[PDB]
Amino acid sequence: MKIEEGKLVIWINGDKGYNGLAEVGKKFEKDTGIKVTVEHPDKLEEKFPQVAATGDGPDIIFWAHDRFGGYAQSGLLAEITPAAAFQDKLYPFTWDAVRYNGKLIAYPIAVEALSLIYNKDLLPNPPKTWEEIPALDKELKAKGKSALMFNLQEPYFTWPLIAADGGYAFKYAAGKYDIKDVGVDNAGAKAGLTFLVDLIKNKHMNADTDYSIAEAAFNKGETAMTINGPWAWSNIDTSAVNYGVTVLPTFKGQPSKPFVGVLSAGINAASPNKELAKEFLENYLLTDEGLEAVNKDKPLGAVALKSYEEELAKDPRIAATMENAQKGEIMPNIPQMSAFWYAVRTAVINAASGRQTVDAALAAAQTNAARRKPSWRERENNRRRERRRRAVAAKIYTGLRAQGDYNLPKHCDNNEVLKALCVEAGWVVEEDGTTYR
């Protein structure tokens, strides 16, 4: 797909209220006559950087703020130019989440933080620590239930426990994130991941559990607790589960530290509709009625627009969400964040599966998250150097075959021509390559 003048195409993740956002698009079409299409393709955060480099992709992309720094360093996003008057309608810290190299590269929409979600009837008084979790699962499995199930395939859901005792992604120091100071391999992170693996070894959780499995189970009533964000509440509401949203348990006495995400809307640098996209975002979506319609579909969390957030903050689920947020940290938006997420994802999955030890899986994730990504030019330099090396050899052997008269078979490899060269120069070469004068 390419962005066409006169229409808007939006990409938002499949767990967000895309139907609600589509309704906001219809009003935009009614007031101004521009068609708005909302789509939720899988792996949209990976698809966008691929297509958008060529000028393809949607007009607007929705994702947590951590992915956008990479998008901006690749020149995939337009610079956001809201008047000062409009910026003041959004909390300053949400603008910070979409600031990169001094510039605003997206519109903040809502603040997202994981929370503990528990079945009140199946578990009154939910656990306050992670350590009492195996004990609470013994009693529950008695009733044929499980204690806790959440997504183990995306490190987002495990990071709160890894960060509890001291794990961290990139150390902040002197006003910037140090991309060489990674904390996925320290004692705190090892302790968090070990306690997770010990739950699986001791059968209190299964390592194959993904988002849908963990969802299905809590909404059906087969587990007392789950870990999820505000988007998941709407589906629980329609189930026959009486649930609450509370602080995440402590680990080794310390609070769980979820990585906080700001759902943000970036404008594709190739869109011929930047003014329309800005009009749609500033004066339709980021309004009380715009966010409400999306919010009614799947809760957004703590929205960035002050006016509608003072209404949503009355909700005790949002207060809990922000209680967990306060204990965590805003995600960095630097380009290396995708490299940190890939490394930790591989680590958690390998350790959860027994394919690697915790110490080994995290040591590799530390090296991967810190790994210097070579530039296109460096890649090109390397490619050209090996191209030159082969061609020089090819010419040497091309010439050695033409003028050599080396008593060679009709077809044979360079290794044989080299052998014949060796004997002409006064060497003997065994079959295995051992060579001496």
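The first residue of the sequence shown is number 1, and the count goes up from there.
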(request) Output the stretch having the higher mean C-alpha B factor in the entry; the candidates are 210 to 218 and 226 to 234. (result) 210 to 218
(request) Look over 135 to 143 and 287 to 295 in the entry and identify the one with the greater average Cα temperature factor. (result) 135 to 143
(message) Highest recorded C-alpha temperature factor, please, choosing from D96, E323, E329, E310.
(response) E310
(message) Just the C-alpha B-factor column, please: which of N407, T37, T398, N381 has the biggest number?
(response) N407
(message) Please say which third, lowest, middle or highest, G14 falls into when its CA temperature factor is compared across its chain.
(response) lowest
(request) Place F251 in the lowest, middle or highest third of its chain's C-alpha B-factors, as listed in the PDB entry. (result) middle
(request) Within this chain's modelled residues, let me know which third the CA B factor of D198 belongs to: lowest, middle or highest. (result) highest
(request) Report the third (lowest, middle or highest) to which the CA temperature factor of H204 belongs, ranking only the modelled residues of the same chain. (result) highest
(request) Report the third (lowest, middle or highest) to which the CA temperature factor of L44 belongs, ranking only the modelled residues of the same chain. (result) lowest
